[PDB]
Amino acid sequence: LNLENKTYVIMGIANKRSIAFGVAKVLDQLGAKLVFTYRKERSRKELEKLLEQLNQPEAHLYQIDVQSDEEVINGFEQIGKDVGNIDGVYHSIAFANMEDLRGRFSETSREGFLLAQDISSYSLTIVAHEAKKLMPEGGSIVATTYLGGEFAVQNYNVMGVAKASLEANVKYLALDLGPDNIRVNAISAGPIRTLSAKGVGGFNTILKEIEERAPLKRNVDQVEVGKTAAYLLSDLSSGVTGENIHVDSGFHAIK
């Protein structure tokens, strides 16, 4: 058990209900130095207010759009020279056009397919590459995924293929970065009412099903993901890599 003198980069807080914010609250209580990245200016405004944290220099805010190689390379170069070398990265970034989830999968356009792949899956590969440069003693990289990457889930469509890609990405990164003592894992979170759940019709229906069918008979929240994230980002998960942990009330395990 450490975290006291350790440094973590959290990527993908948009508002107060972001999964990544749940992660931040947990790691902050354990006393970690946190570094944040954001894409939208609106997310920067939210980050500054959300620094209801115990973090001393409420700085460490970097603009990084993972579509640009330039921004991720420059972004992580800037982190290293401002903060020093890090101990881990939490990846909480995904995107698909809403029209592709409404929405007949066989109708998915090439550009719509590649966009989701680019931001939801490849982003991990490039972030891991840049993050490695700042982990000379090793570390831990965690990505957020969903059950739709393993099974065909209604409406999830193109994001499901992006998640499947991301999960395999985790495994191939684990094999490659293992010799450097960098562990790569995933969290498969259950459904949570977040900014990304906006636009998705019948979202209450799927939360209703979890409540009624999952072993625990209740939905999960951001901080539960955060506690498993803390387990994965620390030396408590020392012998664990290439793994996908379901924080979903056991829903993965049923019919």
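Sequential numbering from 1, following the sequence displayed.
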Segment of higher mean CA temperature factor, 60-68 or 224-232:
60-68
Would you tell me which stretch averages the higher CA B-factor in the PDB entry, 100-108 or 116-124?
100-108
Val26, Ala189, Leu50, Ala186, ranked by C-alpha B-factor: the highest one
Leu50
By the entry's values, the third containing the CA B factor of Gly84 is the highest
Among modelled residues of the same chain, the CA temperature factor third for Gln78
highest
Split the chain's modelled residues into thirds by Cα B-factor; is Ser140 in the lowest, middle or highest one?
lowest
Chain-relative CA temperature factor third for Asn157
middle
